[PDB]
Number of protein chains: 2
Amino acid sequence: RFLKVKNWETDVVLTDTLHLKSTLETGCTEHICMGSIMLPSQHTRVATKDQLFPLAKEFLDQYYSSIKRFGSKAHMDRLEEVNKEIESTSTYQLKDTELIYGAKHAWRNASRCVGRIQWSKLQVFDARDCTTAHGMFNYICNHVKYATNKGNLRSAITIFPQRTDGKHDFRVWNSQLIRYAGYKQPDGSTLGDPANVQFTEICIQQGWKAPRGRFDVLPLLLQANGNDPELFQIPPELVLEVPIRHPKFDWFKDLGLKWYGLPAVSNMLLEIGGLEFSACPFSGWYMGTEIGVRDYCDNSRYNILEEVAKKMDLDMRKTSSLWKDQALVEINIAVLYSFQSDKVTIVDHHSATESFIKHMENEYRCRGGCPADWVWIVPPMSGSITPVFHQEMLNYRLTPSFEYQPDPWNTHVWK
Amino acid sequence: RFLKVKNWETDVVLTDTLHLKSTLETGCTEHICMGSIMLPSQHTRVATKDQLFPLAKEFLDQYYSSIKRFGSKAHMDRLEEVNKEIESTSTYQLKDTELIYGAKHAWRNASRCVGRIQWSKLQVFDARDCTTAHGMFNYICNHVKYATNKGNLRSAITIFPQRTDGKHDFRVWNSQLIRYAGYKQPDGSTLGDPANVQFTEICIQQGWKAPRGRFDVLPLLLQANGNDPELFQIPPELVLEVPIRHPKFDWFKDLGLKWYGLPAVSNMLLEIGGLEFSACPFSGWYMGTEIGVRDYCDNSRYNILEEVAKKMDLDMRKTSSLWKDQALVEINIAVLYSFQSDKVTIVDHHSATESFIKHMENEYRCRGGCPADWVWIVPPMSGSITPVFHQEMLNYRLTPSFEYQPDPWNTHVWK
Ligand code: HEM
Ligand code: HEM
Ligand SMILES: C[C@H](O)[C@H](O)[C@H]1CNc2nc(N)[nH]c(=O)c2N1
Ligand SMILES: C[C@H](O)[C@H](O)[C@H]1CNc2nc(N)[nH]c(=O)c2N1
Ligand SMILES: Cc1cc(N)nc(C#CCN2CC(F)(F)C2)c1
Ligand SMILES: Cc1cc(N)nc(C#CCN2CC(F)(F)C2)c1
Ligand SMILES: [Zn+2]
């Protein structure tokens, strides 16, 4: 019942008891493993009043058995206080300290995040008093400015009012606070980011005048209390960008690449003691491979392997010349070199994966485990020369948690 | 119940119904996914007479509903014939055609093997009349000669007598038919392959005179009908080796690397209609990354990244210089280039993973699915620039199957 996970490069063994506390389901059964399914039903997110108190009680018991005040009067009266308020309101409200705890532990419990060694250093911005989409823009601007810190990136999350009935929902329609626009050409090809071709069309549909270039920062589409969303442009002095150059190849500058400094996910859902926060933008800093491998070299994204292979002068006729691999490594050296020379926080996949193994060590000692998703933790290049490749990992779903949710434009009852 | 798997690079969707036929268990539960555990209990392998007929019946029903002769007289009489013989003997014997079918479908069902597009082109060598360890050596030599085919590698498997009581067991003690010896130095470091340091000691323990160099081909340790195993040296003209050189870097020859052409796994167990074949060496051809990434660059194997980085003249002080990544790509270009120039069959990880996607297509059409283990299918370098990275895969255990088994020297009752 008390499972073991092995590291096959060092022979370290760790014992996991934290999985006992797991509540949610994974998708796998005794006869089928769905560990490679991207969005199983369980990882996506309507609740009723009856189900709310056990989830509150369970969460309150975690928080008071955290500040080592479990079962005492301060715990019991808060237990009864929330109980009474769930009877009275069919919902409840978190204390500011409970919100900060719940949000840090959602990140802590994110099994697909290799960055969690930082989970306790998270700045939490309480935006539950927000009522309008202008208010949201203002809070989101303050988040971007704080988290960027002129390149000394700081982790942060901003938390808008929780879902109540469901038809009144705060939502950030962008998938990330800062993304580049996707424009499809009249012939068929794509300028900018093909991922956002659909979102770019919704913004033009709502009034955005597109500068139709490559790296056009998208406006924000903010929806408040269920109302229709409104467009706002992030003041460009708040959007820190890094021009990508190589430390050997001087043709690399003329490639004309740049990325943004701040990775800030805005389309997910924060769940805390049964409450649902449909708009909770959170940001950290990049691991290099996110830009250099996935953003730049995915076939359905920017897809630059061939142009980089061209200017490197490469054997591009054969697949076994490994020209794709060779050009991929140079692109990622340039991503790292550019962010570092500009003093914009970035981490390479060797540093990040070492830290995660060190984070797993700590989590099995002082916590009894660390839910981890190997499929997402192992970086998308050079997998087996990083220590996470050889580390067995148990995946399981703890709460508080970040979850996926459907896009707002498939569900919003317009008017 | 009839699950869907998505490809996130092409948007192809496939429907899996084959998982319904699954019998064995995976290790995962509704509340925990063990998709990254290397050797769960279910993937390792004693049976009694009562359990044997449903497994025979189930297997016979697959084979006759294969040559489109299901339920007929030829099926029913073989059903009753095996039934009677399980009553009479508490076991049974496969027809030669049933053995060839069962072995091809064990490979077909191997969810961790990216090579299965070839599953029906498998040469099956029936060695069930073998009685002595000399006999085994002779059969294993004929396998090596056939499968190598002077560099035009051909897939093959040799099948020794099935387990009966358990204390009489044919076993190949080597983990692969051809491996290099592992010698630990008096100071502590290691020459050759550190993986086989333990096995190398068992061979010296039994009489092997070690040439104590780097790439010393190990003798065979063959155990027949439970007797103690005996050493035999594969005639060196039967062991095809490829010296590793680079097509640009002429210092690469002086690195002094070579590998063997034939990957031939000998420590696993073939299960067919309930029968257990404890010695079933099977061979194919290499995917380049097996040698170039894992064999050469694993920290606990040959571990050559630093010496290759040295001669490349690399920024080795920092982790973020990606010198490890850069030297890894060159090692794999050289592995491919050397095998190809010598006309020894090899496949690169781009060709192999494309073929597997094409194999999955066929399997979902004419079979209803294809059990696949993403953790093992995705290659250990450049993962996301190969199409398997973006393909969702359902893992489940079908029979006939290859399974792991404990090492013989932890279980053999000596004398
Ligand atoms: C501090 C620096 C951080 C680093 C280096 C980091 C690293 C990463 C990386 C590389 C991914 C994979 C993204 C992808 O493949 O698309 C990821 C996923 C994720 N990260 Fe972190 N992250 C950081 C901060 C944070 C913060 C502050 C939070 C939450 C407050 C967070 C929560 C998540 C979640 C929820 C996911 C993916 C969840 C899913 O897909 O189910 N991360 N992280
Ligand atoms: C024909 C050329 C073949 C290629 C290119 C190929 C490719 C591969 C590769 C790269 C692996 C991973 C090995 C590792 O990471 O250590 C693998 C695993 C495997 N292959 Fe194939 N293979 C081939 C032939 C075969 C044959 C002929 C069989 C059986 C008769 C087979 C059965 C297996 C099994 C059972 C495993 C791993 C099972 C496990 O660990 O549970 N392969 N294959
Ligand atoms: C099919 C597969 O699950 C999918 O491509 C996953 C694989 N692992 C990943 N891992 C990370 N970190 N990010 C991703 O987008 C993905 N994609
Ligand atoms: C911990 C992890 O399961 C282990 O390192 C696995 C990962 N995937 C692998 N995949 C292949 N093909 N071969 C391996 O040896 C491994 N090792
Ligand atoms: C906070 C954070 C840090 C980081 N280093 N990266 C990301 C990211 C991302 C984008 N992907 C799509 C997703 F699944 F939402 C995450 C987010
Ligand atoms: C037939 C075959 C083909 C191939 N291309 N590779 C292998 C291999 C290997 C060694 N690994 C350890 C294992 F799990 F047994 C497989 C085997
Ligand atoms: Zn699973």
Side-chain angles (χ1 to χ4, degrees), chain A residues 7-11 289 293 320 322 324-326 328-330 332-333 348-351 353-354 357 378-391, chain B residues 38 176 179-180 182 189-197 214-215 242-246 249 251-260 263 286-316 318-339 346-350 352 375-376 378-383 385-386:
Chain A
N7 182 291
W8 290 88
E9 196 209 314
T10 69
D11 285 298
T289 56
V293 186
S320 36
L322 302 203
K324 275 209 193 156
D325 309 72
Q326 209 163 16
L328 179 79
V329 171
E330 306 290 338
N332 283 254
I333 291 187
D348 67 75
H349 50 289
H350 306 285
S351 187
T353 59
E354 173 173 30
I357 289 279
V378 177
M381 74 180 296
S382 315
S384 54
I385 66 167
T386 75
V388 290
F389 181 92
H390 309 281
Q391 176 71 59
Chain B
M38 255 208 51
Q176 301 174 33
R179 293 202 77 170
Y180 296 117
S189 48
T190 294
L191 197 59
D193 199 334
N196 309 310
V197 165
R214 172 147 279 199
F215 302 119
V242 178
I244 304 308
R245 65 282 187 182
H246 205 269
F249 305 86
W251 51 266
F252 208 96
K253 355 170 169 305
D254 325 317
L255 279 177
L257 305 179
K258 57 179 170 194
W259 205 249
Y260 47 91
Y286 267 118
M287 191 174 64
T289 56
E290 299 179 75
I291 312 168
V293 186
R294 310 299 312 288
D295 288 323
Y296 282 161
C297 297
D298 265 4
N299 267 328
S300 64
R301 299 284 302 281
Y302 268 87
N303 191 22
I304 69 173
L305 273 172
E306 36 273 82
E307 244 303 76
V308 179
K310 278 204 56 185
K311 297 206 155 59
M312 292 188 64
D313 207 52
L314 286 187
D315 188 339
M316 272 183 66
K318 275 62 183 169
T319 136
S320 36
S321 57
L322 302 203
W323 62 269
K324 275 209 193 156
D325 309 72
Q326 209 163 16
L328 179 79
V329 171
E330 306 290 338
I331 290 169
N332 283 254
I333 291 187
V335 176
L336 294 178
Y337 168 85
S338 307
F339 275 62
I346 195 162
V347 55
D348 67 75
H349 50 289
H350 306 285
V375 166
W376 274 61
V378 177
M381 74 180 296
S382 315
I385 66 167
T386 75

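Naming convention: chains lettered A, B, ... in sequence-line order (proteins, then strands); numbering from 1 in each chain. These numbers come from the heavy atoms of this one structure, side chains and all, not from hydrogens, waters or symmetry mates.
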Just how far is it from atom [atom1] of [X] to atom [atom2] of [Y], taken to the nearest 0.5 Å?
| X | Y | atom1 | atom2 | answer |
| --- | --- | --- | --- | --- |
| A:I385 | B:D325 | CD1 | CG | 4.0 Å |
| B:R301 | A:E9 | CZ | CD | 12.5 Å |
| B:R214 | B:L191 | CZ | CG | 5.0 Å |

Open item on the list: Can a donor-acceptor pair be found, under 3.5 Å and without considering hydrogens, that links the side chain of A:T386 to the backbone of A:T353?
Closed with: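 Side chain of A:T386 to backbone of A:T353: no pair is present.
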
TODO: Please confirm whether the backbone N or O of A:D348 pairs with a side-chain atom of A:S351, one donor and one acceptor, at under 3.5 Å?
DONE: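 Checked: no pair found.
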
[Y] side chain reached by [X] side chain, heavy atoms, under 4.5 Å:
| X | Y | value |
| --- | --- | --- |
| A:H349 | B:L322 | yes |
| B:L314 | B:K324 | no |
| A:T10 | A:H390 | no |

Identify the two heavy atoms, one from [X] and one from [Y], that lie closest to each other, and give their separation to 0.1 Å.
| X | Y | result |
| --- | --- | --- |
| B:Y296 | B:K258 | OH-O, 3.3 Å |
| B:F339 | B:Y260 | CZ-O, 3.8 Å |
| A:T289 | A:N332 | CA-OD1, 3.5 Å |
| B:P243 | B:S338 | O-CB, 3.5 Å |
| A:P379 | A:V388 | CD-CG2, 3.9 Å |
| B:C297 | B:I331 | SG-CD1, 3.8 Å |

Task: Chi angles and distances behind the side chain to side chain contact (heavy atoms under 4.5 Å, CB included) call for B:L255, B:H246 - done: CA-CA 10 Å; B:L255 279 177; B:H246 205 269; over 6 Å; no

- [ ] Give the intermediate values and the outcome of side chain to side chain contact (heavy atoms under 4.5 Å, CB included) for residues B:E330 and A:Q326.
- [x] CA-CA 8 Å; B:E330 306 290 338; A:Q326 209 163 16; 2.3 Å; yes

TODO: Step through it carefully: locate the ring centre of A:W8, locate the ring centre of A:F389, and say whether they are under 6.0 Å apart.
DONE: no

Check residues 302-313 of chain B and write down every donor-acceptor pair under 3.5 Å in which the side-chain atom is one partner and the other belongs to a residue at least two apart or another chain.
unit_1, atom_1, unit_2, atom_2, d
B:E307, OE2, B:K311, NZ, 2.9

Open item on the list: Tell me every residue that passes salt bridge (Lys or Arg N to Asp or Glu O under 4.0 Å) with B:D298, counting only those two or more places apart in sequence or in another chain.
Closed with: B:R294

Open item on the list: Taking CD in B:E290 as the centre, count heavy atoms belonging to other residues, nucleotides or ligands within less than 6.0 Å. Is the count above 12?
Closed with: yes

